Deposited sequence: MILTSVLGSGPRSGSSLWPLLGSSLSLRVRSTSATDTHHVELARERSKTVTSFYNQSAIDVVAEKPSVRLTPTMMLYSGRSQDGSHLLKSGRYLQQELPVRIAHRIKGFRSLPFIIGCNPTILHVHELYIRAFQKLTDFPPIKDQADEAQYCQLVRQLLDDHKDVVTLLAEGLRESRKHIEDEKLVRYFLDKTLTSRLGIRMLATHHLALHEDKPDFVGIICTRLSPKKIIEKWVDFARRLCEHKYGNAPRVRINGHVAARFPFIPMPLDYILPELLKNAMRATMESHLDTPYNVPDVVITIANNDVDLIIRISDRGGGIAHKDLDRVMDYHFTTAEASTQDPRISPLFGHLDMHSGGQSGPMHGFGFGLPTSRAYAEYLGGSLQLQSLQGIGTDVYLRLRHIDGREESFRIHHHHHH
């Protein structure tokens, strides 16, 4: 039993013997090295000047190491194997946890050099999303060893969009109060009672990115009245095709002169790395959804996150 992801499946299975764990493990063992190989080919095809960057080189090496360890691992025959594969997966997850940051820093300068601006976008888009895919499958396998209720692996059986939004609201508010002394309140409307099966992992990246953006913009446009700023309003629309989360702020909007730039990696007006929007959009599209911006210059911004529903 499965839940389709692009070109991949999140194994849904329940054998008491623990058989499903072996099927999963063998799947990963079949799937991971291939995808890592594609990422290594991506590094090999980078413009020479960029690929030679020490940080890019470092990540490049990590990916080779990862491929080495994965391929060196013996075919899984029993729980004892699988149990040990999990140790490797965990080590890999941890070794690669800073990869986005390293890529950002590695490319920040090196990218100025080449003529082809969209080449880096293509590379980052492809790399970050393949990576998300890899870490999802990996994390899902590990999660099958857990006995969390309302979870089949990383899949929440009854996810509440409101609850997960509130989780990331509290988080983003704190960051914001720390830097500004206050934070916009956030109201949530629409299908606030919706519950459905869903993988929270993408939400856990995207939502805090969008919230940080909205809060920062609200504060930086109300520097005279930090004690009194307009709410951020979030609207949940749940239908049979997709989930829509609209995040509306009164933070003055995105300027016409920045509009063409904000979806570029490394672009920022400063929370300062410039990856939030491009990464979030790439993630959404990778999962079959989208991320769209509506700027009302001089008033604020509406951001629309759409994510497809799990088939089944």
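Taking the first deposited residue as 1, the stretches without any C-alpha atom are 1 to 66, 337 to 363, 406 to 418.
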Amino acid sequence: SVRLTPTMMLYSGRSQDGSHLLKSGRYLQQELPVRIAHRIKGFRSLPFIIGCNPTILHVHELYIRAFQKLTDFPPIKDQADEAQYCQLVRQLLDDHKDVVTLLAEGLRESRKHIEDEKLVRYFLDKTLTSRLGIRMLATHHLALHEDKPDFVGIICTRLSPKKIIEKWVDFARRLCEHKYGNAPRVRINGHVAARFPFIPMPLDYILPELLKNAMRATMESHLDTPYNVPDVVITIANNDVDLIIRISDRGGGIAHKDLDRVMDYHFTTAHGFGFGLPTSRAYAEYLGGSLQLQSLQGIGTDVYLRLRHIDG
From here on, numbers count along this sequence of modelled residues.
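Here the rigid core means the biggest group of C-alpha atoms that line up within 1.5 Å when the two forms are laid on top of each other.
Two stretches, 284 to 292 and 17 to 25, are weighed by how far their CA atoms sit from the shown form in 8 other deposited structures of this protein after rigid core superposition; the farther one is 17 to 25. Displacement analysis by core superposition in 8 other deposited structures of this protein ranks 109 to 117 above the other of 109 to 117 and 89 to 97 in root-mean-square C-alpha distance from the shown form. Across the other PDB entries of this protein whose models span the neighbouring residues, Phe273 goes unmodelled in a third or more. Checked against the record, the higher mean CA B factor of 236 to 244 and 152 to 160 lies with 152 to 160.
If you average the C-alpha B-factors over 274 to 282 and over 257 to 265, the higher value belongs to 257 to 265. Of the candidates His96, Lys126, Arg90, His145, it is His145 whose Cα B-factor is highest according to the PDB record. Comparing C-alpha B-factors across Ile206, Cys86, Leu132, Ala80 in the deposited entry, the largest value falls on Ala80. Annotation for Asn213: C-alpha temperature factor in the lowest third relative to the rest of the modelled chain, per the entry.
Among the modelled residues of its chain, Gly190 has a C-alpha B-factor that falls in the lowest third according to the deposited record. When the modelled residues of the chain are ordered by C-alpha B-factor, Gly252 sits in the lowest third.
Compared with the other modelled residues of the chain, the Cα B-factor recorded for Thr55 ranks in the lowest third. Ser45 sits in the lowest third of its chain by CA B factor, as recorded in the PDB entry.
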